Amino acid sequence: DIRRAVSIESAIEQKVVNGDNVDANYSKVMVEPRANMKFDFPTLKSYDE
Amino acid sequence: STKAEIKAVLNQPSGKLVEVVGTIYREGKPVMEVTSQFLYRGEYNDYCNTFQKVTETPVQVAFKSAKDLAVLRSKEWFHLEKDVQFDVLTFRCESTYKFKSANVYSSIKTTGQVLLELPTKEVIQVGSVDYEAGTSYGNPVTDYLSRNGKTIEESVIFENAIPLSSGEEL
């Protein structure tokens, strides 16, 4: 709990000093995934193969 | 006699506010304080010669769990000089802002005292508060005092005000 609370406090202290406008830029913009329904005919091997 | 010092010089959107407080003296002892407030109406961007000195509301933070005592002891701006256990602490602080733009503070020097209420009703300062930074967006000490503790407020307000006299005789 103390390592949790001290972390929270130093996070919010930075969010005040540095301002809440750059701290969102520290959180990386993660990528949402979509579905990629293809049709994908059976894969043709090469001739010599 | 009269001694007065200037406190607030800040470029508001409406102009250059100036606040002065005058501590009037009588045989050396100060008698009363007069706080005036002017305004150079218009527009001014001299964000270099602007500043502000404010004394903070004395906040009373109560320590109950064991992390709390470590919480502030982690704060490099907090600095206790007496190793005595404490339950509740009153923070009487003052700050000195120096602005760099509308809302960025080119400097913040916020010193203040932390006080402990003994059962003997004798109040002994546990330590000092010494914050100092540049290009900040708020006073961390004041914020931390606000959310994690209540102030020693003096203006207790009624839930319903009362009219003193009614009519037009005023």
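Residues numbered from 1 in each chain as written, not as in the entry; some residues may be left out. Chains lettered and ligands numbered in written order. Part of a larger assembly, values for the part shown. Heavy atoms only, no water.

Header annotation of the entry names cryo-EM as the structure determination method and lists the resolution as 3.3 Å.

Chain B carries the name Fatty acid synthase subunit beta in the PDB entry, which gives Candida albicans as its organism.

For chain A, the name recorded in the PDB entry is Fatty acid synthase subunit alpha, with Candida albicans as its organism.

A look at the interface of chain A and chain B
Buried accessible area, meaning the area lost when the parts come together, often serves as the stated size of an interface. Counting from both sides, the interface comprises twelve residues of chain A and, opposite them, 15 residues of chain B. Where chain A abuts chain B, roughly 1100 Å² becomes buried across the two surfaces, and 61% of that area is made up of carbon and sulfur atoms. Summed over the three residues of chain A that lose the most area to chain B, namely A:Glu9, A:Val16 and A:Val17, the buried surface amounts to 47% of that side. Seen at the junction of chain A and chain B, the total is one salt bridge. For B:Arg147, the salt bridge goes to A:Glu9, with nearest N and O atoms at 3.5 Å. Joining chain A to chain B, the criterion identifies two residue pairs in polar contact. Looking at the side of chain A that touches chain B, its residues break down into six nonpolar, three polar and three charged. (Contact = heavy atoms within 4.5 Å. Buried area = accessible area lost by both parts, 1.4 Å probe. Salt bridge = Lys/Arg side-chain N within 4 Å of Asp/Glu carboxyl O. Polar contact = N/O pair within 3.5 Å; in protein donor to acceptor, adjacent residues only side chain to side chain. Nonpolar A, V, L, I, M, F, W, Y, C, P; charged D, E, K, R; others polar.)

Topic: the side chain of B:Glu56
Residues and elements named next belong to chain B. Looking at the secondary structure, you find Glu56 in the loop between β4 (51-55) and β5 (59-62). Buried and unpaired, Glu56 has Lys7 as its nearest opposite-charge partner, separated by 11 Å. Among the polar contacts made by the side chain of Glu56, one reaches the main-chain amide nitrogen of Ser95 at a distance of 3.1 Å. Excluding residues within four positions of it along the chain, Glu56 makes contact with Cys93, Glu94, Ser95, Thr110, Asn139 and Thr142. (Helix = DSSP H or I, 4+ residues; strand = E, 2+ residues; numbered from the N terminus. Buried < 20%, exposed > 50% of the residue type's maximum accessible area, 1.4 Å probe, protein only. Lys, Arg positive; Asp, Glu negative; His and termini not counted.)

Thoughts on the pattern of salt bridges
All names here are of chain B. All told, the structure shown has four salt bridges over all chains when counted by the stated rule. The residue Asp87 makes a salt bridge to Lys64 at a minimum N-O spacing of 2.9 Å. Taken together, the residues span a long stretch of sequence, with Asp87 in the loop between β6 (78-80) and β7 (88-99) and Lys64 in the loop between β5 and α1 (66-74) at a distance of 23 residues. Its relative accessible area of 37% is what places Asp87 among the partly exposed residues. A salt bridge links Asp143 to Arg147, with the shortest nitrogen-to-oxygen separation between them at 3.8 Å. Of this pair, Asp143 and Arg147 are both found in helix α2 (residues 140-148), four residues apart, which corresponds to roughly one turn of the helix.

Concerning the packing of aromatic side chains
Residue and element names in this part refer to chain B. This structure, assessed with the given rule, holds six aromatic pairs over all chains. Ring centres of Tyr97 and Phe99 lie 6.3 Å apart, and the angle between their planes is 55 degrees; this geometry places the pair in the tilted category. The exposure class of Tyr97 is buried, given its relative accessible area of 10%. Judged by its relative accessible area of 9%, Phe99 falls in the buried class. Each residue in the set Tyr97, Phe99 and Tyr105 is aromatic and connected to the rest through ring pairs, giving one cluster. Just above the ring of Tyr144 sits the side chain of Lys75; from NZ or CZ to the centre is 5.6 Å. (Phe/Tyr/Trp six-rings, centres within 6.5 Å; stacked < 30°, edge-to-face > 60°. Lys NZ or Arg CZ within 6 Å of the ring centre and 35° of its normal.)

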